[PDB]
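Protein sequences, first through last, are from chains 0, S, R, E, Q and J.
Read in the authors' numbering, the first sequence has 40 at position 40, and its numbers run on one by one without any break.
Read in the authors' numbering, the second sequence has 38 at position 38, and its numbers run on one by one without any break.
Read in the authors' numbering, the third sequence has 39 at position 39, and its numbers run on one by one without any break.
Numbers given in the authors' numbering equal positions in the fourth sequence, counted from 1, plus 51.
Read in the authors' numbering, the fifth sequence has 105 at position 105, and its numbers run on one by one without any break.
Read in the authors' numbering, the sixth sequence has 97 at position 97, and its numbers run on one by one without any break.
Where a beta carbon is used, it is the ideal one built from N, C-alpha and C, also for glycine.
What follows is a single structure, written as structure tokens, with notes after it.
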Amino acid sequence: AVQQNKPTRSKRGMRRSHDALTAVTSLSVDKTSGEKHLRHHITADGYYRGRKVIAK
Amino acid sequence: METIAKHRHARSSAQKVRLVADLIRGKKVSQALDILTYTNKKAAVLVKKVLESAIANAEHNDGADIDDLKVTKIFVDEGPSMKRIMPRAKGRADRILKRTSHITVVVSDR
Amino acid sequence: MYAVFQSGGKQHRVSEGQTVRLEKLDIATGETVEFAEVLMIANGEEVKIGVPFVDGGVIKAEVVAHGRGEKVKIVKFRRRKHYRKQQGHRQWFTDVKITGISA
Amino acid sequence: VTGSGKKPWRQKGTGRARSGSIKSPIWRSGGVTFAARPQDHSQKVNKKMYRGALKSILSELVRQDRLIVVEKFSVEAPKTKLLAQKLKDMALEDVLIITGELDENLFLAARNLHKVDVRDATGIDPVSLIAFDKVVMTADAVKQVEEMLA
Amino acid sequence: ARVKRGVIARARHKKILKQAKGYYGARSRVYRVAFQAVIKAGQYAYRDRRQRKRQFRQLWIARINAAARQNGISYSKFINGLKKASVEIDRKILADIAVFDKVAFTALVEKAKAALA
Amino acid sequence: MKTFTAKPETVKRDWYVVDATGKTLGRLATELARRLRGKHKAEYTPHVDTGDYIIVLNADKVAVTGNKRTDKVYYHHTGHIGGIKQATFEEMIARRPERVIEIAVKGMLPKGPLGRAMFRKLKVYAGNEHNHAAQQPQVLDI
RNA sequence: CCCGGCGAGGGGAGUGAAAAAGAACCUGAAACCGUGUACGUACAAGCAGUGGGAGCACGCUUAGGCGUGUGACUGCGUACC
RNA sequence: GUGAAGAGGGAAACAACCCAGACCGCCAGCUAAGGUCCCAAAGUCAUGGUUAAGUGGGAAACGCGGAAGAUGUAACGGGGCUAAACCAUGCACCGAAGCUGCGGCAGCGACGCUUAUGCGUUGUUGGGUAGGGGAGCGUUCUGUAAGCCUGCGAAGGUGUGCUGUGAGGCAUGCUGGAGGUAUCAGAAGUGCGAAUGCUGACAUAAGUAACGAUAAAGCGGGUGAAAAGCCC
RNA sequence: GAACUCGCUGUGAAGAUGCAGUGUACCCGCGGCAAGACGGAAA
């Protein structure tokens, strides 16, 4: 079980077509501070769903 | 008057960077850090520093109007490979190849 | 209005005013030769042929330029018998213009 | 080639090419197979062919108007301004002065002028008659070249 | 005297690679496959010049019989009609006249039927 | 002067309704497949599909000759386990009369995208009525 | 001077004729990997070429169907020693 | 006789079967074997008979039978044909690189211009392995050469255009930034596509295996831009 | 070696991914199944 020919750039490029990614597009705006984040996640400064949290 | 920001000899492979660099092509600069900041790959950390370098050159070395810039030129090239050895079974001398990177991103307002 | 004639061994369907291609002849560049050999006269009611070479038709051909055509290479190869050769050829040509057909 | 007769790899064991020595001519820094030896490149010339060739080239320099014979060509002192000033009086720059015996004044000032060369009657060469344009004989050197070729 | 080969090899391959432009990858870039690619392309370009007068003759016989069936005559009766009608017109003019003037070629078919028998 | 090559977009093709009721199968099918080629037109080009539109109506009442009602048995393989698909002629007329026409006309066309492109323009029906009467068809007497 | 980690790598200014001479430093082709633009391909079968050839894009003649790239479709064609 | 040392067309395909010896180009025409229903270029052509079985489209001795072929119809090439099969005659056509005319190049014979031999021309030849013979291209160095070009831009690299039947040459866009070298001759370490050739770089499988005994980690705090591995 | 790498009938330096004909098949992946492979090995 070993290859007998060289795979080309077309086989490799058509093989790597399913390895791409996409944008997150989940940025929500916190109503308290006016900063963006992910949905169901927290901000950097310490705000979640408009409610202030620990923020150490 | 354009802005050139490039990185030589990154601690990464030549292939995995191009999975990240194809995402931010043609996007607005102000929303590009919003994508690359919360992107989960290691290569997004380097290109965030490259892009924030280009924004800083658009502030200090350019006149004004940072917001209306668009990401136009982006391409990732491979560099030299680092050659070392690695032990295996049956005592043969296996060579290994370490990839380096060259990320040349040119951004401008027009 | 077109005309049918044979000059270089092959026939041509050439109207007036058109610059058309013919074989290499011994004609000066300031000469305007006449071809009495015609095979069809084109009008609203055409003049066909029972026998060729209508006497009433004449063709006025003028020559503007001589030269050689496009470079075409010729490759003769034989597999596994130790034989290959390559040669080129640029064929001569004449560009003529036809003005006026006597019907 | 400074090296060894040791095989770089054995015949069996590996899937490499055939190896008998590291000094193979088809390898890097190996010995040249058809390398040259120090050899003399001179070859025999017949005497009648040589002197006949001198008769052939001096039969041609008299026809090509490249042959000028003067009365007395000498110099007073070993002074190149007196030599080149005399050649300036007859407008000759690239000539070959052939004369009689060796002159202490003339031969001492010969090396600083490249286009002007002087020699003696017994040391004439056929290559000095082609690369130089005109040849200047002396009246006494006319008898010496006739007995020289003969 | 030792002479190098680096000035004649690449300049030698300039003429090959300028004729190896546009051949899908290895026949364009790799010299080993490009050499037999140019050689074999010389074979097909040599043969198809001799097949051009076959294919255009096939198109002319196709278009003369293709325009002769609207008048109710076959091809072999039309060629024999022009040959016994002393017509020296070849097949290129017959193939060209079917494009521009239809009643001219219809007059050629009727003239061929006039001197047919 | 170069040989005239026709534009595929400006091929002036027409509709032709041909009633195959009471005709020989292969002798008419050869002509119909020959007119799907476009050879009957004067402006024929071997790489430009100049075949006209041919409508075949009532193929179930075609005139069979000889013993060809029983003789022709069509066989086809589907791309599966090695059992072969047999079909007698009297059942192929009984269940799908157009498919018999598709075998002959598809067989008489060259292999390739151009041949199946000429097979697209074959419209064989079973009933007398159709929906191509709106485009002003011209019946062909043959 | 700025960003970048009191990193690495650059941007700007300046020297230098030149930094497509920046210490990996003269000239830098190919195999290899990329990015921008014109075209074609997601119903189509075979040494992948060649002959014909539709459309699209760009400079020209101040049109005269010019030239280059792309090759829908089609005839033929089973690598080298 | 052919292949070996022959290209092309037909026999579905098929070196040795049949026709037929490729100097080159041409969107000219005429032919040999083989064909004129489509695929696939040309007759659904004329006349006289046979065939009822698709025999044609695989078969002896023997009285249309004798008769059993293979992944898939698959024993005409395929559709399909009652002639579009079989026997004979006639007329045209398709049909190769065969043949002719036009355009061009080279050699060998005989002349005539007449004499360092070039031709107004003349018929003819030009498939090719092993092998022989003749005429040519380019690179390094040297005499030519203290000559030519050149910082108004040398070698090298990289494209277009022109030209030569050829290896080549010519000028020019850009990079480069300092040497190259006309013609005539000589001296070769002289022309790469392979020798499981050698030295450096680079793809390929491909971001696939694997990340090292199966003693197992969890949590808080401090520096640091960033801590599952490190400081407590 | 290059691949834009399907299956059947026959041909064939002798069981064809490449030849003549026919048939199927949107493009590209992913994970297994090891029948095809001159891959170790079983005469």
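Fill in: Span separating the alpha-carbon of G81 (chain Q) from that of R90 (chain R)
Distance between the alpha carbons of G81 (chain Q) and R90 (chain R) is about 40 angstroms.
Item to complete: Tell me where the alpha helix (DSSP H) around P97 (chain J) begins and ends.
Response: In the DSSP assignment, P97 (chain J) falls within the alpha helix (DSSP H) that extends over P97 to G107.
Worksheet item: Cα-Cα, which of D65 (chain S), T37 (chain S), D77 (chain S) and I85 (chain S) is closest to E52 (chain S)?
Response: Check the Cα spacing between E52 (chain S) and each of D65 (chain S), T37 (chain S), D77 (chain S) and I85 (chain S): the tightest is with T37 (chain S).
Discussion item. If contact is defined by three or more beta carbon pairs under 8 angstroms, each pair taking one atom from either stretch, is the segment 4–19 of chain R in contact with the segment 87–101 of chain S?
Written reply: They do not touch, by the three-pair rule.
Discussion item. Assuming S15 (chain R) is part of the beta strand (DSSP E), what are its boundary residues?
Written reply: From DSSP, the beta strand (DSSP E) with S15 (chain R) extends over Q11 to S15.
Worksheet item: Quick one, which of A95 (chain Q), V38 (chain Q), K84 (chain Q) and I89 (chain Q) has its alpha-carbon nearest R57 (chain Q)'s?
Response: Residue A95 (chain Q) is the option with its Cα nearest to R57 (chain Q).
Worksheet item: Does any C-beta atom of chain R lie closer than 8 angstroms to the C-beta of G81 (chain Q)?
Response: For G81 (chain Q), the answer is no, since every Cβ of chain R falls outside 8 angstroms of its Cβ.
Worksheet entry | Where the beta strand (DSSP E) through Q87 (chain R) begins and ends | That run of the beta strand (DSSP E) goes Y83 to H89.
Item to complete: Apply the 10 Å Cβ neighbour rule to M1 (chain J) and answer buried if 16 or more other Cβ atoms are within range, or exposed otherwise.
Response: Exposed.
Item to complete: Identify each residue in the segment 71–98 of chain R for which the Cβ-Cβ distance to at least one residue of chain Q is less than 9 angstroms, and report them in chain order.
Response: Taking 9 angstroms as the Cβ-Cβ cut-off against chain Q, the residues of the segment 71–98 of chain R that qualify are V72, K73, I74, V75, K76, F77, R84 and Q86.
Worksheet item: Which residues in the same chain have their Cβ closer than 6 angstroms to the Cβ of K48 (chain S), if we skip the five residues on either side of it in sequence?
Response: For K48 (chain S), the CB contacts under 6 angstroms within the same chain, skipping 5 residues up- and downstream, are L36 in chain order.
Worksheet item: With a CB to CB cut of under 7 angstroms and the five nearest residues on each side skipped, what residues in its chain are close to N163 (chain E)?
Response: Cβ contact annotation for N163 (chain E) (same chain, cutoff 7 angstroms, sequence separation greater than five): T131, in chain order.
Worksheet entry | Rounded C-alpha distance that separates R63 (chain Q) from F105 (chain Q) | Straight-line Cα distance between these residues: approximately 12 angstroms.
Worksheet item: Are any of the Cβ atoms in chain R nearer than 8 angstroms to that of residue 130 (chain Q)?
Response: In the structure displayed, chain Q extends from 1 to 117; residue 130 (chain Q) sits before or after that span and is not available.
Discussion item. Do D65 (chain S) and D109 (chain S) have their beta-carbon atoms positioned less than 8 angstroms apart in this structure?
Written reply: Against a cut-off of 8 angstroms, the Cβ pair of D65 (chain S) and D109 (chain S) comes out as a contact.
Worksheet item: Nearest CA to the CA of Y44 (chain Q): which residue from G30 (chain R), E46 (chain R), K76 (chain R) and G100 (chain R)?
Response: Out of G30 (chain R), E46 (chain R), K76 (chain R) and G100 (chain R), the CA that lies nearest to the CA of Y44 (chain Q) is found in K76 (chain R).
Worksheet item: Does any residue of chain Q bring its CB to less than 8 angstroms from the CB of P46 (chain J)?
Response: Contacts with chain Q at 8 angstroms (Cβ-Cβ) include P46 (chain J).
Worksheet item: Who are the neighbours of residue 136 (chain Q) on chain R, taking C-beta pairs under 9 angstroms?
Response: Examination of residue 136 (chain Q) is not possible in this model, given that chain Q is present from 1 through 117 alone.
Worksheet item: Residues in its own chain within less than 7 angstroms of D62 (chain S) by CB, not counting five upstream and five downstream?
Response: Counting only Cβ-Cβ distances below 7 angstroms, and skipping sequence neighbours, we find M1 and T3.
Fill in: Contact residues within the segment 4–34 of chain S, judged by C-beta distance below 7 angstroms to chain 0
Identification of residues in the segment 4–34 of chain S having a C-beta nearer than 7 angstroms to some C-beta of chain 0 yields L19, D22, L23 and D34, given in sequence order.
Fill in: 7 angstroms CB neighbourhood of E46 (chain R) in its chain, flanking five on each side removed
Excluding positions up to five away in sequence, the list reads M40.
Item to complete: Following the continuous beta strand (DSSP E) through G100 (chain R), name the residue where it begins and the one where it ends.
Response: That run of the beta strand (DSSP E) goes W92 to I101.
Worksheet item: Any Cβ of chain R within less than 8 angstroms of the Cβ of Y46 (chain Q)?
Response: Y46 (chain Q) counts as touching chain R.
Worksheet item: What residue from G26 (chain S), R11 (chain S), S12 (chain S) and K41 (chain S) has the CA that sits closest to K70 (chain S)'s CA?
Response: That would be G26 (chain S), whose Cα lies nearest to the Cα of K70 (chain S).
Fill in: Extent of the continuous alpha helix (DSSP H) run through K41 (chain J)
DSSP places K41 (chain J) in no alpha helix (DSSP H); its state is neither H nor E.
Worksheet entry | Member of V56 (chain J), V11 (chain J) and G22 (chain J) whose CA lies at the smallest distance from the CA of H130 (chain J) | Checking every option, the nearest Cα to that of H130 (chain J) belongs to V56 (chain J).
Worksheet item: Does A98 (chain Q) get closer than 8 angstroms to chain J when you measure Cβ to Cβ?
Response: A98 (chain Q) counts as touching chain J.
Practice prompt. Check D116 (chain E) in the structure and name its three-state DSSP category.
Written response: Of the three classes helix, strand and coil, the one that applies to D116 (chain E) here is coil, per DSSP.
Worksheet entry | CA-to-CA distance, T104 (chain S) to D45 (chain 0), given in whole angstroms | Pairing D45 (chain 0) with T104 (chain S), the inter-Cα distance amounts to about 33 angstroms.
Worksheet item: Using a C-beta cutoff of 8 angstroms, does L22 (chain R) count as contacting chain Q?
Response: It does not; no Cβ of chain Q falls within 8 angstroms.
Item to complete: Measure the alpha-carbon distance for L140 (chain J) versus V18 (chain J) and round it to whole angstroms.
Response: Going by the C-alpha atoms only, they are around 5 angstroms apart.
Worksheet item: Below 8 angstroms between beta carbons: does that hold for residue 104 (chain R) and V63 (chain R)?
Response: As displayed, chain R neither begins before 1 nor continues past 103, which places residue 104 (chain R) out of reach and without an answer.
Discussion item. So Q18 (chain R) contacts chain Q; which residues on that side make the cut at Cβ distance below 8 angstroms?
Written reply: By Cβ distance, chain Q contributes nothing, its closest Cβ being about 13 angstroms from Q18 (chain R), past 8 angstroms.
Worksheet item: What residues in its chain sit with their C-beta under 6 angstroms from that of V196 (chain E), if we drop five residues either side in the sequence?
Response: Within the same chain, no residue comes within 6 angstroms of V196 (chain E) by CB-CB distance, once the 5 residues on both sides are set aside.
Practice prompt. Measure the C-alpha to C-alpha separation of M141 (chain E) and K99 (chain E) and round it to an integer number of angstroms.
Written response: Between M141 (chain E) and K99 (chain E), the C-alpha separation is close to 36 angstroms.
Discussion item. Cβ closer than 9 angstroms: which chain J residues qualify as neighbours of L59 (chain Q)?
Written reply: For a Cβ distance threshold of 9 angstroms, residue set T3, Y44, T45 and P46 of chain J lies close to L59 (chain Q), ordered along the chain.
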